[PDB]
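Here the chain labels run A, B, C, D, E and F in written order, and each chain numbers its own residues starting at 1.
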Amino acid sequence: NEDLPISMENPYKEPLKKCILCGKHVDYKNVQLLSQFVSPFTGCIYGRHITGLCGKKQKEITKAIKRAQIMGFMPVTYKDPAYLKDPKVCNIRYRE
Amino acid sequence: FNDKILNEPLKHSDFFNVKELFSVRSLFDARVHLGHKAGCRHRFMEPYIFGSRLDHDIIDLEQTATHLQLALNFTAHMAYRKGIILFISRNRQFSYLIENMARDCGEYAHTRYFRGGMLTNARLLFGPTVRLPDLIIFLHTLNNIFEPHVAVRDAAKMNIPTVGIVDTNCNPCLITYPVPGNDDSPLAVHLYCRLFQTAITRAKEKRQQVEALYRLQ
Amino acid sequence: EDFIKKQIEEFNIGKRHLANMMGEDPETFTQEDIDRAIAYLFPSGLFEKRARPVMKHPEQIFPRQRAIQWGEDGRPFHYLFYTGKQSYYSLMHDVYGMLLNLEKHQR
Amino acid sequence: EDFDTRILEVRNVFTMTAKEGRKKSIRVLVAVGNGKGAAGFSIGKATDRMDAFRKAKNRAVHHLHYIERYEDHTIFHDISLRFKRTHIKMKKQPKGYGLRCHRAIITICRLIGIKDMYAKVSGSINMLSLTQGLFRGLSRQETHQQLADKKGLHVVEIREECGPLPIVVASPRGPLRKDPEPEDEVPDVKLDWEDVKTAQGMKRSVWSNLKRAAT
Amino acid sequence: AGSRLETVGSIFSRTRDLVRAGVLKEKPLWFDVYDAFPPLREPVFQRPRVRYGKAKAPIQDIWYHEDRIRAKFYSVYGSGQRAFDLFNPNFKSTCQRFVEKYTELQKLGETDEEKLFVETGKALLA
Amino acid sequence: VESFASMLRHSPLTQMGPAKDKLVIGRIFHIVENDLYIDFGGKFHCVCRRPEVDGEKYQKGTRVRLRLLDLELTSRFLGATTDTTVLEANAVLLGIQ
């Protein structure tokens, strides 16, 4: 009876995975982070399968990108050449 | 009056002392309790499963002990009354072991592709006066596409009692004596072969002893 | 079978009767001489060399009838009977076993 | 030799072939029974009717059932069963009632040994669902001893012919339960409007209680 | 004859009913062994079915108290180079050493978990 | 007499906890060409490629050390009602002894 198991919530439970921007504030004036989630050649907003953002963050980045590009903060058809040098976080591979 | 060599074992409970060949420790070290994952389970094996450890199911070894007692008692009684015990499996890693076990005893082994109608179209397939087996013992109830074996249905269709080791992903439904237990580990399968071989050999030697005693009497 | 046994007896007696009608009444009438004797005795003239007459031991004439695989207990003789392919599966089991114990040691 | 085989349905069944065209195959359903409980049905199919008959009967003797009978004359209770789209409603009836059933049910129950029963079939009258539903219900009867064993109580009879006399038909083979059966006032049971119509006398048919021949 | 209706009942029930009727004249070799030592459940056919609504399996998850600390051990001090054997019963891994020492102090008499942990950590350091 | 609950609690496959990244000793029990069929306890065997370095010190009976990633290796796919088990576990051979 002493060695029969016991009802408890799962130990060894890994804490849920968190998104690269979880807990950070996305802003439309942050055209350095918005540019990271865009395509260097066409300016195409990247999808979830490339960014790896949660649904909340893919929505905030999309809305902030559209706000900044219609407001005069971001280029539409390219990634401002000044940002083709920042930390790459997107799972895409153009060159070969 | 031979109804004393064919009725006596049938009133002695455990007439062959088959209760001293297996303990819940012997099974635990043979790794009989280790089962498959909750994602490969069966609703009808759910009553036999102790619980799940780390999404890996484990089988209740006390239930395995009781079911194995009943199974080995039945096998011993049929081997004593001179039935035909056919051991069926489709493992491919243990085929050599099952056919050698049948040959070390005197029973039979089907370990190969079961042709359709082996027990059912049996008179046409073998010959007009064939004795179909009086006990089929499945060491692995599933075939190689992880589905229940044709023989389990055709043994029942042909009213042949069946003893079978049922793992977590198996259907203990049309098996007369199911023995909840691991059949994926060499130690477990080796212990099953050892237990059934010992039961059948002891049963046949005891049948010879009582025939000799009554012949001298 | 009793068929095979009396066919044998009948060949032996008829073979000796064959050497009488010819001239080789001494006991050793070979199979070539048998074919020679029947050729002449009854002229063939048929294009198929099986459609012509013949006088062989019943052995070659009649095919191989397999023995009974179970006695009067039921209880079939070979342990791999219910495969239906006893000889083939016994050979495959044996060859696998010699490969196994050879791996343990090591047209 | 104690087994009687009776046909139930013969149909000329056709398929289309690339070379021949319409190809006839006789499909037959037969039922075999010895009037002691063992009965079963089977389908035989051939190009010749005699071959189909032979196949059907020699297959049904290998596919028999066993039907339990009350006093070797009727069924134990009332059986309502819908097999696919065929509804069979059978009532246990007293002795001398006769077989007032569909003609196939009459032949099947003569092969089984049931002599007195009422049966009405509705929905689709397909013979190869009628026989199957009939055998399903009659092989899934619950007997009096099984009811006594399941409930732990005496199963006793009250005939109006004998009187207030209690006639014990099945006592449990184990212990006797001592808590009495719960008298559930106003029981929640699904009734049949045809039965209630016949009880209240608003079932007006010029076809219902007609004077027919024996069984 | 025989009944090849594998779905209606069991082989026992079918054979008993047929030898009662009188169509199976000889009883089979296994019938008396069944009637002497029956199984814990008669082999009747049951069709498997998918649980659909709010129906969950009765199978539970095996969790012991030591696993609260086992999970903590791996978290801080990861799996060491002392590898698991698994082939030998009575194998006492380093995490088993840790839980045994921790449970020791627990029985002796200590209270807050973090104090328990640092004391058994120094104990295994010794 | 020990109860099965006692047998289980005090057992080394119940003290291992989550199999991922736990070092385990195993024994080669079959070799095909260069696929070493090893054990490690557990219900299933793992299959590993022959390490070409010291590539003759891996024979039938050799004790090796494995990383262990899984104990059964299964998954459910689109239309499946059950899992597709490969009847094999998953481990990485680090070396000998």
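Quick notes on this structure:
Basically, contacts are C-beta pairs under 8 Å (C-beta built on N, C-alpha and C of every residue); 3 or more make two chains touch, one makes a residue touch a chain.
Counting only chains that touch, the fewest steps needed to get from subunit C to subunit D is 3.
Counting steps between touching chains, the shortest path from subunit D to subunit E takes 1. Among the inter-chain contacts, the highest number of C-beta pairs connects B-E.
If each chain is reduced to the average of its C-alpha atoms, the one that sits nearest the average of all protein C-alpha atoms is B.
If you average the Cα atoms of subunit A and of subunit D, the two centres end up 70 Å apart. Separating the CA-averaged centres of subunit B and subunit F is a span of 28 Å.
Subunit B and subunit E have Cα centroids separated by 21 Å. Distance from the subunit A centre to the subunit C centre is 84 Å, each centre being the mean of its Cα atoms.
Shared interface positions of subunit B, i.e. residues touching 2 or more other chains, are given as 50-51, 53-54, 58.
Touching two or more other chains at once are residues 2-5, 14, 60-62, 64, 67, 70-71, 74, 89 of subunit E. By the touch criterion given at the top, residues 69-70, 73-76, 79-85, 89, 93, 96-97, 100 of subunit C touch subunit B in their complex.
Interface residues of subunit F, counted against subunit A in their complex, comprise 3, 5-6, 8-10, 17-18.
Chain contact summary for the complex, subunit E toward subunit A: residues 60-65, 67-68, 70-71, 74.
Residue ranges on subunit B touching subunit F, taken from their complex, read 24-25, 28, 31, 33-37, 39-40, 50, 53-54, 56, 58, 60-62, 146, 169, 182, 184-186.
Interface residues of subunit D facing subunit E in the complex, by the touch rule stated above, are 34, 36-38, 40, 61-66, 139.
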